[PDB]
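Below is one structure, written out as structure tokens; the observations come after it.
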Amino acid sequence: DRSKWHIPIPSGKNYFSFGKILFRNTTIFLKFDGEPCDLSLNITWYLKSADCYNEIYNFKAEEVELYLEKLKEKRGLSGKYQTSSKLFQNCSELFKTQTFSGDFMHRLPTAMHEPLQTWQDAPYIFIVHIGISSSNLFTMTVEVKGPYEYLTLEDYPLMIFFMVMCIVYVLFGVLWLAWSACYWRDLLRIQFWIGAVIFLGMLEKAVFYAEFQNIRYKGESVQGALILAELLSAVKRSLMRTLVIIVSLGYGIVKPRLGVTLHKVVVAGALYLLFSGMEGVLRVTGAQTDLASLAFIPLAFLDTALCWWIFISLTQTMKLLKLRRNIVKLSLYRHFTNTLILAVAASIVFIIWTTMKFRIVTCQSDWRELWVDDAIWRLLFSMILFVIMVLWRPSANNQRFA
Ligand SMILES: CCCCCCCCCCC(=O)O[C@H](COC(=O)CCCCC)COP(=O)(O)OCCN
Ligand SMILES: *[C@@H]1O[C@H](CO)[C@@H](O)[C@H](O)[C@H]1NC(C)=O
Ligand SMILES: *[C@@H]1O[C@H](CO)[C@@H](O)[C@H](O)[C@H]1NC(C)=O
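Under the entry's author numbering, residues 38 to 146, 168 to 192, 203 to 470 are what the sequence shown spells out, in order.
Structure representation (structure tokens):
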């Protein structure tokens, strides 16, 4: 999420905690700036490694004060940790105690590791507590910097994946543009909708990559980038679904362009955008009003209805084409049906695997590939889009589908 924090000290209970997966040899910097001191301060910090990812997931800030005691009485989850505490009589707002010239303090469940560093890439929990000895007085700035300026783990693979996807979509666009240019005398609206889909995918990937670059080099995410990416993704998915429905219905390929076919039937099927969008932005906001739990039910219902309709229509159209004795289009429709079947099977298998790999054990022992749940869908969509592109490639005899 973030790699730089600003915290005015006199707030709440003064605790500051964060849990996240971190690289190895990552340093944590604390800086204190503000008005002249009046009172003495006592700063205590804990940095704990986590063996398995459950602890980070179910870490509640409001109970941190209690959590610590469970850690101290030797009853918490397994994992080594470092603890330290220092006392300043008026203010050490200029000293560099946490910067350099430190000592080697032993770790607890010797070691003699660096004062404030990560000794192994894993899920870490950092807690800092400021006690003032007897309205703002200070403003603590906290940063984490590792081998990469601000890009923690769990984000590096995602950034690389988005870069690769951007390159792939650029290649898709270049190839489609070349084919279209070669044969411009005749074309079909489907070959324009495909290009629009490619363009939207390119824009989504570019936005995501730029946002990740900014987060890496500045430590803060851009406020209005996730929303834009989600909206673009929803638009692209809705357009692809509508295109598939139109192709299956045979509108303009096997039957005359009847008006009723679109009106009240297909275009209304664009409400799938709303729901698809509705959850999207909410997922960015964190599901604060917890409707995210009751958000995917309408989406699943709509997807089931659309699949049922698509398969019924495909069977009807293929039967009609076989009866008509046409041969050229029959092979194309057969390949289209096979591709759809394979996509459905892959989606089912992926859902089963994710469910059986995440909600199956007390706590995940393999958090490294925890990002795959947010990347398989995009790869599958890219594969489907490439197959469709190859099927409907403009050619010299691009008139068999009048
Ligand atoms: C309260 C305790 C129980 C709760 C389980 C909550 C798990 C969170 C993930 C939800 C999920 O399981 O994901 C959804 C898939 O449907 C399902 O629900 C799975 C089968 C069940 C059918 C209702 C949404 O994903 P989608 O929009 O279909 O993916 C397409 C996107 N292109
Ligand atoms: C800071 O608070 C701790 C409480 O854990 C207590 O030992 C003392 O007041 C301070 N610690 C020092 C001065 O080492
Ligand atoms: C703490 O000691 C004095 C006493 O008030 C204070 O003025 C100063 O800023 C702090 N540091 C030192 C070295 O005196």
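From the three backbone atoms N, C-alpha and C, an ideal C-beta is built for every residue, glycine too.
Taking the alpha-carbon of residue i as reference, which of the options has the nearest alpha-carbon?
i: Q291; options: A278, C375, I190 and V303; result: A278
i: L59; options: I93, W82 and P45; result: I93
i: residue 201; options: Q119, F184, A249 and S115; result: Placed between 192 and 203 in the numbering, residue 201 has no coordinates, as the chain goes from one to the other without interruption by modelled residues.
i: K85; options: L76, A180, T353 and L339; result: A180
i: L124; options: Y118, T134 and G116; result: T134
i: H43; options: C74, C128, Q119 and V212; result: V212
i: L271; options: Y237, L245 and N465; result: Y237
i: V455; options: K390, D441 and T405; result: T405
i: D38; options: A297, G287, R402 and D70; result: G287
i: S316; options: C375, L299 and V265; result: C375
i: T383; options: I409, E99 and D223; result: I409
i: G263; options: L245, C250, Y251 and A274; result: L245
i: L367; options: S344, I395, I266 and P73; result: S344
i: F276; options: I228, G318, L359 and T353; result: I228
i: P225; options: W435, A470, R461 and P462; result: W435
i: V335; options: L67, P324 and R309; result: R309
i: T423; options: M170, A413 and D441; result: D441
i: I46; options: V417, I188 and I420; result: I188
i: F418; options: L398, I444, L326 and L400; result: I444
i: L447; options: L438, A414, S433 and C431; result: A414
What first and last residue would you give for the alpha helix (DSSP H) that runs through residue i?
i: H403; result: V396 to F426
i: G263; result: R257 to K286
i: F454; result: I444 to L459
i: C74; result: Taken as a continuous stretch (DSSP letters only), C74 belongs to no alpha helix (DSSP H), as it is neither H nor E.
i: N91; result: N91 to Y94
i: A169; result: Careful: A169 lies outside any alpha helix (DSSP H) and carries neither H nor E.
i: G241; result: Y224 to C250
i: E102; result: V101 to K109
Does at least one heavy atom of ligand 2 sit under 6 Å from the Cβ of residue i?
i: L362; result: no
i: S192; result: no
i: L124; result: yes
i: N79; result: yes
Under DSSP, the beta strand (DSSP E) around residue i begins and ends at which residues?
i: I44; result: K41 to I44
i: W82; result: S77 to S86
i: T64; result: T64 to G71
i: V186; result: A180 to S191
i: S121; result: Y118 to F125
i: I58; result: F53 to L59
i: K213; result: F206 to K213
Does any heavy atom of ligand 1 sit closer than 6 Å to the C-beta of residue i?
i: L255; result: no
i: residue 25; result: Nothing about residue 25 can be reported from this structure: the residues present for the chain run from 38 to 470 only.
i: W445; result: yes
Please indicate yes or no: does the CB of residue i lie closer than 6 Å to some heavy atom of ligand 3?
i: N127; result: yes
With respect to 6 Å, is the separation between the Cβ of residue i and the closest non-hydrogen atom of ligand 4 below this value?
i: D254; result: Inclusion of ligand 4 in the displayed structure is not the case, the ligand content consisting of ligand 1, ligand 2 and ligand 3 alone.
Length-filtered (4 minimum) alpha helix (DSSP H) runs lying within the segment 310-363: Entirely contained in the segment 310-363, the alpha helix (DSSP H) runs reaching 4 residues are, in chain order, 339-353.
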